[PDB]
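K.L.:
sequence-free structure coming up:
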């Protein structure tokens, strides 16, 4: 029982889906059993910076690591605040609300850069 396309966390869900699409293994269908493994996160970055990590080297078995690595790499390179952990998220049915918030940063952040925008931020600076 479902028609058309309804939902609030769609704009984002679609974003990750489009990017992740590049890879077959990587698939963003939901916001719970999609980031539990880790690849998902290791798929968004690699896309922007294939240097940071080597998806090819990564494996679709280990999560605890694939998670911490992604959270770290970004928490260091990009400079995002680790809101979640590679152990907290890794679960049968994690809190989609606790994840959507994190992944939301990847979109906003990257978006800030040279890209389409309307009535947004003037991107401040300091240094």
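P.N.:
Cool, the structure landed. Residues are numbered from 1 along each chain as shown.
K.L.:
CA atoms for contacts and neighbours, from now on please.
P.N.:
Noted.
K.L.:
most residues in a single helix of the protein, which one?
P.N.:
Ranked by residue count under DSSP state H, the longest helix found in the chain is helix 96-112.
K.L.:
name the helices or strands packed onto that one?
P.N.:
Judged by 3 or more C-alpha pairs under 8 Å, 6 or more residues apart in numbering; DSSP states H and E, helix 96-112 is in contact with helix 10-21.
K.L.:
contact partners of whichever helix or strand comes after the helix it packs on?
P.N.:
Once the chain leaves helix 10-21, the next helix or strand it forms, by DSSP states H and E, is helix 39-48. Helix 39-48 is contacted by residues 16, 19-20, 23, 26-28, 34-35, 52-55, 60, 63, 66-67, 70-71, 74, 103 when judged by C-alpha atoms under 8 Å, 6 or more residues apart in numbering.
K.L.:
next helix or strand past helix 39-48?
P.N.:
Using DSSP H and E, the first helix or strand after helix 39-48 is helix 64-76.
K.L.:
could you say what helices and strands that next one packs with?
P.N.:
Under the contact criterion of 3+ C-alpha pairs under 8 Å, 6+ apart, helix 64-76 touches helix 39-48.
K.L.:
Same question for the longest helix of the chain: list its buried residues.
P.N.:
Buried positions in helix 96-112, judged by neighbour count with 16 or more other C-alpha atoms under 10 Å: 96, 99-100, 102-103, 106.
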